[PDB]
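# Results of the structural survey
So the chains spell out like this:
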Amino acid sequence: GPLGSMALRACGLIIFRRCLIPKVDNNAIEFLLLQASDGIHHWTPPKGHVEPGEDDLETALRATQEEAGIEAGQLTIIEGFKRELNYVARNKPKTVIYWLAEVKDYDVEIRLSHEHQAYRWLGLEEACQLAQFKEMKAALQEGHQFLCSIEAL
């Protein structure tokens, strides 16, 4: 009787800084992106792994501050939006659950772990260009699509 642990469980935080008012109707929202310190230097949000008796979101919260310095006490996790990117790159399927979050401070502290060396604040277009990965462009895309469906434009 297998426990069904097939695949690795993961939780990251799609952080988005909302602006007080619209500007060019595009850069109104920005996302937090960390740059890998090695590999092809792809851009990706605070990704981490969730423990067993650990919560799914708290893992994202813990990874958000550990790989960025921003924790739930520093951002606002949006409710109603939820999606996980699951795919097996090298040879292991990884489910990643992403929640939309907004950091309270525009210049909020950004701490990167050895895995990440640099981060950039860009709009969905660049966040999508850097996150060339279709899965992230959609996560960054659907997150923006849903947030525009709440109250703020």
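- For this deposited structure, the header cites solution NMR as the method used.

### Brief notes about the overall build of the protein chain
- Looking only at helices and strands, the protein chain has 3 helices and 8 strands in total.
- Ordering the α and β elements of the protein chain from the N terminus gives β-β-β-β-α-β-β-β-β-α-α.
- Computed over C-alpha atoms, the radius of gyration of the protein chain comes to 15 Å, within 12% of the 15 Å expected from 2.2 N^0.38 for 153 residues, which places it in the range of a compact globule.
- Once the C-alpha set of the protein chain is aligned to its principal axes, its extents read approximately 55 × 35 × 30 Å.
- Residue burial in the protein chain is summarised as follows: out of 153 residues, 41% are buried.

### Overview of unusual backbone geometry
- Its identity as a non-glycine residue notwithstanding, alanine 7 has a phi of 80°, on the positive side.
- Position of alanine 7 relative to the elements: it lies in the segment before β1 (8–18).
- Classification of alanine 7 by relative accessible area gives partly exposed; the value is 29%.

### Some points on the UniProt feature "domain: Nudix hydrolase" in the protein chain
- The feature "domain: Nudix hydrolase", as annotated in UniProt, sits at residues 6–144 in this numbering.
- Taken end to end, residues 6–144 is 21% helix and 37% strand, and its first and last C-alpha atoms sit 31 Å apart.

### Points about the UniProt feature "short sequence motif: Nudix box" in the protein chain
- If you check UniProt for "short sequence motif: Nudix box", the listed places come out as residues 48–69 in our numbering.
- Between the C-alpha atoms that bound residues 48–69 the distance is 13 Å, and the span itself is 50% helix and 9% strand.

### Some points on the nonpolar core
- Formed by 23 residues in total, the largest nonpolar core has its most connected members in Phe16, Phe31, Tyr98, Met136 and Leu140.
- Elements supplying a minimum of two residues to this core: β1, β2 (29–36), β7 (93–103), α2 (124–130) and α3 (134–147).
- In terms of nonpolar packing, the next biggest core, distinct from the first, is built from 20 residues, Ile15, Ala68, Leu75 and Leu112 among them.

### Regarding the side chain of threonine 64
- Looking at the secondary structure, you find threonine 64 in helix α1 (residues 56–66).
- A relative accessible area of 0% means that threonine 64 is categorised as buried.
- Leave out the neighbours within four places in its chain, and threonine 64 touches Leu13, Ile15, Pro46, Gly69, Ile70 and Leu75.

### A short note on the pairing of β7
- A large share of β7 lies buried, amounting to 8 of its 11 residues.
- Bridge count for β1 against β7 is 8 bridges, and the pairing is parallel. Directly across from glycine 12, in β7, lies its bridge partner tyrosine 98.
- Where strand β5 (residues 75–77) lies against β7, 3 bridges are found, and the strand directions are antiparallel.

### Some details on the pairing of strand β6 (residues 83–88)
- The sheet contact formed by β6 and β7 spans 6 bridges and is antiparallel. Across the sheet, residue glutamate 84 finds its bridge partner in β7, namely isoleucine 97.
- Connecting the antiparallel pair β6 and β7 is a turn made up of 4 residues.

### Topic: α1
- Every buried residue of α1 is listed here: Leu57, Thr59, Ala60, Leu61, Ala63 and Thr64.
- Looking at the packing, one finds that the buried side of α1 touches β1, β4 (47–49), β5 and β7.
- At the N-terminal boundary of α1, the capping side chain belongs to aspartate 55, with an oxygen 2.6 Å from the backbone nitrogen of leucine 57.

Calculation criteria
Each chain's residues are numbered sequentially from 1 according to the written sequence, a convention that need not reproduce the entry's numbering, and residues without coordinates are excluded. To obtain the side-chain values, all non-hydrogen atoms of the structure were included, while hydrogens and water were left out. Secondary structure elements follow DSSP: runs of H or I no shorter than four residues count as helices, runs of E no shorter than two count as strands, and numbering proceeds from the N terminus. Only the C-alpha atoms count toward the radius of gyration. The rule for a globule is 2.2 Å times the residue count to the power 0.38. The buried label applies to any residue whose accessible area, calculated with a 1.4 Å probe on protein chains only, is under 20% of its type's maximum; exposed applies above 50%, and partly exposed to all values in between. UniProt positions are given in the numbering used here, feature names are shortened, and annotations may be inferred rather than shown by experiment. In plain words, nonpolar cores are sets of buried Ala, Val, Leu, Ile, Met, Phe, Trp, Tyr and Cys residues tied together by side-chain atoms within 4.5 Å. Throughout, a residue-residue contact means that at least one pair of heavy atoms, one from each residue, lies within 4.5 Å. Paired strands, in this sense, are two strands between which DSSP finds at least two bridges. Between N or O atoms, a polar contact is any pair within 3.5 Å; within protein, one atom must be a potential hydrogen donor and the other a potential acceptor, and residues adjacent in sequence are included only when both atoms are from side chains.

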